[PDB]
């Protein structure tokens, strides 16, 4: 995927 | 006065979450990047699909245009950036040297340099012509969420999950300023204003803030949207009224009056988080893009 599309968890 | 943005086109074709959309400086094109590892080019006025640009090995978090609208740079989880010739689709250079995901990227106004930010907590400055890394700045202590050059390229602003915005001298790499307010939420986005006087910073406490970075003073705050998790782009809209535009985690586009800070419009229709918005350089047009459960880009037009 892409880090931006995952968000900060 | 309030805008009247209305949905005109919905652009489908990315097979995973969109990550960023950007209008070309000449107004002709929209570029979009996605977790599906692809860049797509669309007509800015009709939303007509133009082409797909491929070659990254993992998803793309950001894409940006050169000032003459001829080149793109993309930032990928594959820890590279890529410089593309849009007309030919060629990958001109692969910029290698970050040790973790590359999250954000921009050309300088001359478009002879690229600035990048990464999960490796560094900011890097690259030569466009050779693809070589010129400088690595030990900028932050957490992932770098945004990087942007000022009006003449003399300065770089960076933002990070570490809660800081920093201003860097492009030539020397010195840290000229650190900006942070009374609370320390992660900073998820930053950019200079069109006139270069201000920076607009997003934090993951549902807040946008307009700063005079020279004086180090927070001048305006914009609230009412939801932003606690994602690095959502924000924009200055200057073609008609002077607005602030942002995506939101309640699936809406928010538009604020820049001076009064009142919400003046909310655009409804995406089915997931609006991760990215862009404002057309000459027409009252907004592009918006949403995450995995939506996968679409929408074009909205207003009379002011």
**Report entry** Failed item in (1) part of a loop (DSSP other than H, G, I, E, B); (2) over 14 Å from the mean Cα position of the chain (by Cα), with residue B:209 passing the rest
**Finding:** (1)
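Restrict the check to region B:207-221 and report whether at least one residue is over 24 Å from residue B:168 (Cβ atoms) and more than 14 Å from chain A (Cβ to nearest Cβ).
For region B:207-221, residues over 24 Å from residue B:168 (Cβ atoms) and more than 14 Å from chain A (Cβ to nearest Cβ): present.
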Report summary line: Scanning region B:15-40 residue by residue, those surrounded by fewer than 21 Cβ atoms within 10 Å (Cβ to Cβ) and away from chain A (no Cβ under 12 Å) turn out to be B:22, B:25, B:26, B:27, B:28, B:29
Query raised in the report: If you check residue B:226 against the conditions, is it within 19 Å of residue B:183 (Cα to Cα) and within 14 Å of chain A (Cβ to nearest Cβ)?
Result: yes
Query raised in the report: Inside region B:1-67, counting only strands (runs of 3 or more DSSP E) that do not spill past its ends, which hold 2 or more residues that are closer than 30 Å to residue B:259 by Cβ?
Result: B:6-11, B:18-23, B:60-65
Report task. Return the pairs, sorted by first residue and then second, in which the second residue is in a strand (DSSP E or B) and surrounded by fewer than 24 Cβ atoms within 10 Å (Cβ to Cβ), the first residue lies in region B:104-131 and is free of Cβ contacts under 8 Å to residues at least 40 places away in the same chain and at negative phi, the beta carbons are less than 6 Å apart, and the residues are 6+ apart or on different chains. Result -> B:122/B:136; B:124/B:133; B:124/B:136; B:127/B:134
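Read the figures in this text as sums done on the coordinates, not as results from a lab. Cβ coordinates were reconstructed from backbone atoms using ideal geometry, including for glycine residues, and neighbour counts include every protein chain displayed.
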